[PDB]
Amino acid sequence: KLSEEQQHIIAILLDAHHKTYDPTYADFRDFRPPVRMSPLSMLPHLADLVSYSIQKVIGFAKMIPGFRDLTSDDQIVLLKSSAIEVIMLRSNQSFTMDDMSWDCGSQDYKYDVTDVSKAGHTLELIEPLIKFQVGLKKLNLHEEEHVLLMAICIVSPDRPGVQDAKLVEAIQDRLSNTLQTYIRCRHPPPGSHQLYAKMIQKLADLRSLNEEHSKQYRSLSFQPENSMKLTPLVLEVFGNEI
């Protein structure tokens, strides 16, 4: 079955997530208020939401067993490229197929297609994002699998700019093996049917959502009036060629 190390890893990731993802979304009040007039009217709010989310993803990443053994540069490299992917991933917890939106406890903090479209990004990205959310949602992942996937997403040895790939790759495998064994021993069929394969497919989807996001961020942030509505962390992480 499972293992001491594996169950240990799971317990840690679950707690790490519970400490970096607030189901009350109480912090959203601190963000620049959302405006629904792209008019970019939603950019100041989502920019802060995203920046905040980057800070929480880092908080989570630091607690991933083995992530501490990577060199600062490797850590930066991994978080730099995975951030947006993990944010889309953790967002599935607030997404609902009822109205196809992210319900973050409140109406103002309820975001639908036209809300997230008012921030400089087109349907070239939003269309696939929602599809992703629905497909992911349809997997009904246990919270154990959800956190292991975010963790596996973060420590991917093929990230551009990686140094000690062997180590990054080594740390991931341990998470992957923990995931595959968890599914086999804790996820009952039919739900478990090719669950691993489907979860890894979502990782490929995220790479794709990432690339499209990068292309629409460049275009967006290449315009001063737009890049000045962002936050310093966002500029640092998402690159700053303004």
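Between two forms, the rigid core is the largest collection of C-alphas that superpose within 1.5 Å. Don't overthink the numbering: it's just position in the shown sequence, from 1.
Trainee: Between 131 to 139 and 113 to 121, which has its CA atoms farther from the current form in 9 other deposited structures of this protein, using a rigid core superposition?
Mentor: Greater root mean square C-alpha distance in 9 other deposited structures of this protein: 113 to 121.
Trainee: Rigid core superposed, root mean square over structures and residues, which stretch has C-alphas farther from this form in 9 other deposited structures of this protein, 66 to 74 or 187 to 195?
Mentor: After superposing on the rigid core, the more displaced stretch in 9 other deposited structures of this protein is 187 to 195.
Trainee: Relative to the deposited sequence, how many residues with no modelled coordinates occur between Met37 and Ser38 (none, 1 to 3, 4 to 9, 10 or more)?
Mentor: Per the deposited record, the segment joining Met37 and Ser38 lacks coordinates for 10 or more residues.
Trainee: Return whichever of 164 to 172 and 81 to 89 has the greater mean Cα B factor according to the PDB record.
Mentor: Stretch with the higher mean C-alpha B-factor: 164 to 172.
Trainee: Look over 126 to 134 and 155 to 163 in the entry and identify the one with the greater average Cα temperature factor.
Mentor: Looking at the recorded C-alpha B-factors, 155 to 163 comes out higher on average.
Trainee: Highest Cα B-factor in the deposition, which of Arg68, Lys198, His45, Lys56?
Mentor: The C-alpha B-factor peaks, among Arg68, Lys198, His45, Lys56, at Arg68.
Trainee: In terms of the chain's CA B-factor thirds, is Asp22 lowest, middle or highest?
Mentor: Middle third by C-alpha B-factor.
Trainee: Hey, what third does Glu145 fall into on Cα B-factor, ranked over its chain?
Mentor: For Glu145, whose C-alpha B-factor we compare with every modelled residue in the chain, the answer is the lowest third.
Trainee: Quick check on the deposited entry: does the C-alpha B-factor of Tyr217 sit in the lowest, middle or highest third of its chain?
Mentor: Highest third - that is where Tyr217 ends up once the chain's C-alpha B-factors are sorted.
Trainee: Rank-wise, by C-alpha B-factor, drop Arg186 into the lowest, middle or highest third of its chain.
Mentor: For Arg186, whose C-alpha B-factor we compare with every modelled residue in the chain, the answer is the highest third.
Trainee: Where does the C-alpha B-factor of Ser227 rank in its chain, lowest, middle or highest third?
Mentor: According to the entry, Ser227 has a C-alpha B-factor in the chain's middle third.
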